[PDB]
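This is what each chain is made of:
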Amino acid sequence: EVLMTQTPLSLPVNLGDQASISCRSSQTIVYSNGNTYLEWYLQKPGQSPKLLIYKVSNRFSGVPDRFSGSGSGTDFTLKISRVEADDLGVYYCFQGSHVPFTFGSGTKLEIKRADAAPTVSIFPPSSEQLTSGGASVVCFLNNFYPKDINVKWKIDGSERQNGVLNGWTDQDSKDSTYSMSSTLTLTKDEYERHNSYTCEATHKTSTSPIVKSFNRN
Amino acid sequence: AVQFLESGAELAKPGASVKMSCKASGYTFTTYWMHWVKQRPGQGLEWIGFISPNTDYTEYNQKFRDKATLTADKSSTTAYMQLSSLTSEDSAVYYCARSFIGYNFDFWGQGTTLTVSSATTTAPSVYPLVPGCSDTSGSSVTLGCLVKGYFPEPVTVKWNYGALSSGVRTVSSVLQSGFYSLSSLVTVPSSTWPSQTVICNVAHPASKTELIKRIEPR
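Residues numbered from 1 in each chain as written, not as in the entry; some residues may be left out. Chains lettered and ligands numbered in written order. Heavy atoms only, no water. Residues with missing side-chain atoms left out of burial classes, pairs and counts.

Its PDB record attributes the structure to X-ray crystallography, giving the resolution as 2.10 Å.

This is the structure in structure tokens:
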């Protein structure tokens, strides 16, 4: 099978800068008709891939002029000039010359931007959750950069490790920030045995933690 | 326009077979090949095979030789893929896409999420995420829906039927004892809520449900 090797695996880029994505085929992929069926696709988070470039260097309809593809033989390049916030996602090359058709190993374009501190919200469980026998306390950290963040939970001043799970958004299409939920799930019985619940978020944007807290009055 | 409606989410038992469909519109169905592509969670794309509807000619990636069977139906302009002897390794998103001339996958369906598991379908519970009674917000307030206890993937969330999309953050699901949960949050100006309606629309295709929930203060 034709191996389609892409580098880099991940590509951090400032807005307005140029990104170059390389694709190396394990053999030539000129088809018996003289055409090279080499395509580039972009897949944005939770979406189907979308075609960008075909036959090496041809822009698909609607693709902006700042996407260009070039190469020959076993060496192909996608360039994106003047990168914009919505260019993020995974780029794949693809060869449709030799069966089986194969795609590249994929390059995640990521946006670099200035640091941004999280806005933290804490959400007590809804009384609507109580007959499930569970109670989720959610700490939400909105619009921060970079992605790495620490979240600490406290219950009546004592720190807690069990029952905590964390989920992230993809990088925002518009401001290029991340958000994340930290969810402490307890039994309804544990929840009701305690009074204050605190989440503290620590991020490189400040030496001070952002502490959000409530009491079931 | 060229569109593909794909079945969405399917749950199947280890060792079973499952069929999925891709209804094509927006072009002469017998003029173009229909291809299928596999994508495992966090992984790349793998081409499976194609069928020409006009002659029923099929070509396969030999890796899927006894795994996939591609069929098609002219009159209903629908392409089909059957997957047999299912294992957890078959859990993936399956895209159909047509191929054009000079170029391939100009248009792709949205993908069917297939989960292979012995566990049964569970629609999500949905809970409001709203500030504590004494919370003092500045110029914005963040509200949400906690979607809990569902199986299999995916769930999607829209806000006001899709009309609130600015400041929506839907985080990735987490799995716990066989069930998934996620939160979807929106940030609005503090002057707009509770005075204006904020609604989350929680879709869970494996159970064929949309849950519409009006979000209100505690």
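Pairing between the strands of a sheet comes from backbone hydrogen bonds, and it takes one of two forms, parallel or antiparallel. Residues and elements named next belong to chain B. Sheet architecture is open: three strands sit in the order β14-β18-β19, paired in antiparallel fashion. Only two strands of the sheet have a single partner each, and these edge strands are β14 (156-159) and β19 (209-214). Within the sheet, the average angular offset between the axes of one strand and its neighbour, ignoring direction, is 20°. Of the pairings in the sheet, the one linking β14 to strand β18 (residues 199-204) comprises four bridges and is antiparallel in character. Of the residues in β18, the one forming a bridge with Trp159 is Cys200. (Pairing = 2+ DSSP bridges. Helix = DSSP H or I, 4+ residues; strand = E, 2+ residues; numbered from the N terminus. Axes fitted to C-alpha atoms, helices over the stretch in contact; angles between N-to-C directions.)

Residues and elements named next belong to chain A. Computed from the structure, the largest cavity encloses a volume of approximately 40 Å³. Secondary-structure elements contributing two or more residues to the lining of the largest cavity are β18 (196-203) and β19 (206-215). Here the lining of the largest cavity is composed, by residue class, of three nonpolar, five polar and no charged. (1 Å grid on protein atoms, 1.4 Å probe; cavity = no way out; pocket = protein on both sides within 12 Å on 5 of 7 lines; lining within 4 Å. Points joined across faces, edges and corners; volume = space filled by probe spheres on them. Nonpolar A, V, L, I, M, F, W, Y, C, P; charged D, E, K, R; others polar.)

Turning our eyes to something else, we now look at the sheet that holds strand β7 (residues 68-73) of chain B. All names here are of chain B. A sheet is described by the order of its strands in space; here four strands give the open sequence β1-β3-β8-β7, paired in antiparallel fashion. Here the strands that pair on one side only, and so sit at the sheet edges, are β1 (3-6) and β7. Averaged over neighbouring strand pairs, the angle between their axes works out to 20° when direction is ignored. Pairing geometry for β7 and strand β8 (residues 78-83), over six bridges, is antiparallel. Residue pairing in the sheet places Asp73 in a bridge with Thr78 of β8.

Let us now look at the interface of chain A and chain B. Many descriptions give the size of an interface as the accessible area lost when the pieces come together. Taken residue by residue, the interface counts 45 residues in chain A and 46 residues in chain B. When the two sides are added together, the surface that chain A and chain B hide from each other amounts to roughly 3,500 Å², 62% of it contributed by carbon and sulfur. When residues of chain A are sorted by the area they lose upon contact with chain B, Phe101, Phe103 and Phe123 of chain A head the list and together hold 17% of the total. Here chain A and chain B share three salt bridges between them. The shortest N-O distance in the salt bridge between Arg169 of chain B and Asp172 of chain A comes to 3.3 Å. (Contact = heavy atoms within 4.5 Å. Buried area = accessible area lost by both parts, 1.4 Å probe. Salt bridge = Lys/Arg side-chain N within 4 Å of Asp/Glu carboxyl O.)

Moving on, we come to the state of the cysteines. All names here are of chain B. Evaluation of the coordinates by the stated rule reveals four disulfides over all chains. Paired by a disulfide, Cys22 and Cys96 hold their sulfur atoms 2.1 Å apart. The sign of the S-S torsion, about 75°, decides the handedness of the disulfide formed by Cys22 and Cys96: right-handed. With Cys22 in strand β3 (residues 18-25) and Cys96 in strand β9 (residues 92-99), the pair connects residues that are 74 residues apart, well separated along the chain. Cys96 matches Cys22 in its accessibility class, with the two residues each being buried. (Disulfide = S-S within 2.5 Å. Buried < 20%, exposed > 50% of the residue type's maximum accessible area, 1.4 Å probe, protein only.)

Moving on to the pairing of strand β12 (residues 119-123) of chain A. Walk down a regular strand and you will see the side chains alternate between the two sheet faces. Residue and element names in this part refer to chain A. For β12, the buried fraction is high: four of the five residues fall into the buried class. As judged from the five bridges shared by β12 and strand β13 (residues 134-144), these two strands associate in the antiparallel manner. If you follow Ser121 over to β13, its bridge partner there is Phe140.

Our next topic: the environment of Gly157 of chain A. Residue and element names in this part refer to chain A. One can find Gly157 in the loop between β14 (150-155) and β15 (158-159). Assessed through its relative accessible area of 57%, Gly157 is described here as exposed. Separated by 39 residues in the primary sequence, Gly157 and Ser196 have C-alpha atoms spaced 7.6 Å apart.

Residue and element names in this part refer to chain A. Once the domains are mapped, chain A shows domain 1 (1-113) and domain 2 (115-214). Using C-alpha coordinates to define each centre, domain 1 is positioned 38 Å away from domain 2. If you look at the interface, domain 1 gives eight residues, while domain 2 gives 11 residues. For the pair domain 1 and domain 2, the two sides together bury roughly 770 Å², of which 48% comes from carbon and sulfur. On the domain 1 side of the contact with domain 2, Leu88, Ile111 and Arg113 bury the most area, a combined 63% of that side's loss. Our count for the contact surface shared by domain 1 and domain 2 stands at zero salt bridges. Scanning the region where domain 1 abuts domain 2 turns up two residue pairs in polar contact. Residues belonging to the side of domain 1 that touches domain 2 are distributed by class as follows: four nonpolar, no polar and four charged. (Domains from an automatic or database assignment. Polar contact = N/O pair within 3.5 Å; in protein donor to acceptor, adjacent residues only side chain to side chain.)

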